[PDB]
Amino acid sequence: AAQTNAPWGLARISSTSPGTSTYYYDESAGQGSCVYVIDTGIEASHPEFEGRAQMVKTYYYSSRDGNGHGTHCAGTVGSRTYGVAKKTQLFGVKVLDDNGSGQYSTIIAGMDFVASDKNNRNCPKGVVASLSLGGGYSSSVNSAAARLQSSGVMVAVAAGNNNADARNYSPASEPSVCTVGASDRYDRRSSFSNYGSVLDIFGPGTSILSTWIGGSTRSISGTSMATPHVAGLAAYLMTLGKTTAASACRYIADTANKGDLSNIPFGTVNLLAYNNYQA
């Protein structure tokens with residue numbers, strides 16, 4: 001399949017070169033997989049989700065996305081126009097308040113929620129979780145993300161927007177999950193992107209167009225926006241039967257565009273997510 005005039009990040013993940021604007025992908029498009037977006041919530045009524053998104057858990061007075069962040073990320077995972085996996089199912093977990101912050105204990109309880117709730121859903125092609133959030137180092141936030149991965153869910157988490165080593169952040173520093181940096185349209189590391197040996201992959205993160213609350217759209221930047229590109233890709237690759245939840249981050253890194261990014265500090269991987277689709 002081919003989507004003309006796609007957002008630059010979608011076109012990049014199916015190209016060996018920057019500067020294109022068409023996204024190519026197998027038409028299975030993630031059918032039969034599920035992605036949890038653990039964030040500020042999802043505006044499920046957005047016409048871009050086509051009835052494939054819904055809220056399943058909130059820790060606040062409303063499960064509504066009064067912020068926009070959670071909606072933006074969920075659109076990069078699986079909205080018809082801005083999504084990687086255009087036929088996957090989206091499950092919203094609201095662990096951040098409408099100001100975009102949340103306690104660590106609420107974030108941990110959301111992660112344990114998904115590790116059990118996938119047993120209440122139909123996902124015969126596999127389960128992905130996208131965690132567009134983070135803060136300071138916490139061994140108990142790291143361990144919650146390890147448990148979720150171990151339960152059979154591919155976990156993708158943001159490196160962080162501090163322009164520092166991601167070792168001092170959680171759950172970016174958990175080694176068994178998939179830590180995602182951010183790149184821009186000229187194949188440069190985003191100026192805000194964290195780095196380090198803990199990073200596993202880079203995704204498109206600067207000026208990413210996607211859904212917004214009120215049925216709108218806008219373009220924002222962050223390792224929070226590279227993370228749903230990889231999360232959607234994993235759901236796409238598991239539908240095609242090319243990998244499982246336990247080895248999706250490893251598979252994505254093996255099949256990635258190698259040595260194409262600039263301003264990657266020594267000791268950090270130089271890998272850009274790539275769907276390897278031959279139309």
Determine which member of the set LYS87, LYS57, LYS118 is assigned to a strand (DSSP E or B) and of a type in the set (D, E, K, R). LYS57
Filtering the stretch 173-204 down to residues that are surrounded by 24 or more Cβ atoms within 10 Å (Cβ to Cβ), in contact (Cβ under 8 Å) with a residue 60 or more places away in the chain and of a type in the set (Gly, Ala, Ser) yields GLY181, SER183, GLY203
Quick one: in the stretch 19-30, which of the residues that are at negative phi and out of contact with any strand residue (DSSP E or B) (no Cβ under 9 Å at 6 or more places or on another chain) is surrounded by the fewest Cβ atoms within 10 Å (Cβ to Cβ)? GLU27
Every residue in the stretch 49-81 that is of a type in the set (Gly, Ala, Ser), surrounded by fewer than 24 Cβ atoms within 10 Å (Cβ to Cβ) and touching a residue at least 40 places away in the same chain (Cβ under 8 Å), please. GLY66, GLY68
So how many residues does the stretch 205-219 have that are surrounded by fewer than 23 Cβ atoms within 10 Å (Cβ to Cβ) and either under 20 Å from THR179 (Cβ atoms) or basic (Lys, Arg) (or both)? 1
Scanning for something of a type in the set (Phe, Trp, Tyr), touching a helix residue (DSSP H, G or I) at 6+ places or on another chain (Cβ under 7 Å) and part of a helix (DSSP H, G or I), does the stretch 101-110 turn up at least one residue? yes
Tell me, yes or no, whether the stretch 6-18 has at least one residue that is in contact with a helix residue (DSSP H, G or I) (Cβ under 8 Å, 6 or more places away or on another chain), assigned to a strand (DSSP E or B), surrounded by 24 or more Cβ atoms within 10 Å (Cβ to Cβ) and hydrophobic (A, V, I, L, M, F, W, C). no
Residue match in the stretch 150-162 (condition: surrounded by fewer than 19 Cβ atoms within 10 Å (Cβ to Cβ), more than 22 Å from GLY75 (Cα to Cα), in contact (Cβ under 8 Å) with a residue 40 or more places away in the chain and under 17 Å from the mean Cα position of the chain (by Cα)): yes
Scan the stretch 238-252 and report the pairs whose first residue is touching a residue at least 60 places away in the same chain (Cβ under 8 Å) and whose second residue is surrounded by fewer than 19 Cβ atoms within 10 Å (Cβ to Cβ) and β-branched (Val, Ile, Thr), with Cβ atoms within less than 8 Å and a gap of 6+ or a chain change. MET238/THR244
Considering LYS94, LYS87, which residue is of a type in the set (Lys, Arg), crowded, with 24+ Cβ neighbours inside 10 Å and either touching a residue at least 24 places away in the same chain (Cβ under 8 Å) or farther than 15 Å from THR227 by Cα (or both)? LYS94
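Here Cβ is always computed from backbone atoms with ideal geometry, including for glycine, and neighbour counts include all displayed protein chains. Each value in this text was obtained by applying a stated rule to the coordinates, not by laboratory testing.
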